[PDB]
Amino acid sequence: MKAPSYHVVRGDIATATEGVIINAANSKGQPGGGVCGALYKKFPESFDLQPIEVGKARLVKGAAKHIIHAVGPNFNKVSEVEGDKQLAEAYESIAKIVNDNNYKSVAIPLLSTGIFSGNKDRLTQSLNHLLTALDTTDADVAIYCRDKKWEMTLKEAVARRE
């Protein structure tokens, strides 16, 4: 059995100390803010600049960072049923890369819970797809968030498991 471990981190994912970082990208590969996003400013070298399909992911092995760019659904644009399918897909595409490269630890935010949320709280929905996919890996998973209320909810959800 593959067995992940999970813990929650409130802060900036650029500062993460895991083996690889996940960029929750748009289909242009950009983080939030475009070129103004912290990850881009810090590691432009780990950003190739090519299109990524929705629900797909692409690893870039930057010297200063290894970054998995993964495209969740934009709920402003896609139906609830289609977006759920794509969200599960996006996390699955991340887990696959984690396995094929045998990453030991990974830093991951909650896909589609910001600009792609459609102004709804998707914490639980996004977390649940994250756990299902990362349960197929052996990685130690740092789950990243910005908001202090979200942090407490993430810890609860994480402790309820098993």
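The first residue of the shown sequence is 1; numbering continues from there.
J.: Pick between 66 to 74 and 100 to 108: the one whose mean CA B-factor in the entry is higher.
T.: The stretch with the larger mean CA B-factor is 100 to 108.
J.: Mean CA B-factor: is it higher for 39 to 47 or for 91 to 99?
T.: Comparing averages over the C-alpha atoms only gives 39 to 47.
J.: Whose CA atom has the top B-factor in the entry, of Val141, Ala14, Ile22, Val9?
T.: Of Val141, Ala14, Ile22, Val9, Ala14 has the highest C-alpha B-factor.
J.: Quick check on the deposited entry: does the C-alpha B-factor of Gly29 sit in the lowest, middle or highest third of its chain?
T.: Middle third of the chain for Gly29's C-alpha B-factor.
J.: If you rank every modelled residue in this chain by C-alpha B factor, which third holds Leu134: lowest, middle or highest?
T.: Its C-alpha B-factor, which the entry lists for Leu134, ranks in the lowest third among residues of this chain.
J.: Compare the C-alpha B factor of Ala57 with those of the other modelled residues in its chain, then answer lowest, middle or highest third.
T.: According to the entry, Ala57 has a C-alpha B-factor in the chain's lowest third.
J.: Give the position of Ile115 by CA B-factor within its chain, expressed as the lowest, middle or highest third.
T.: Within its chain, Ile115 is a highest-third residue by C-alpha B-factor, going by the deposited values.
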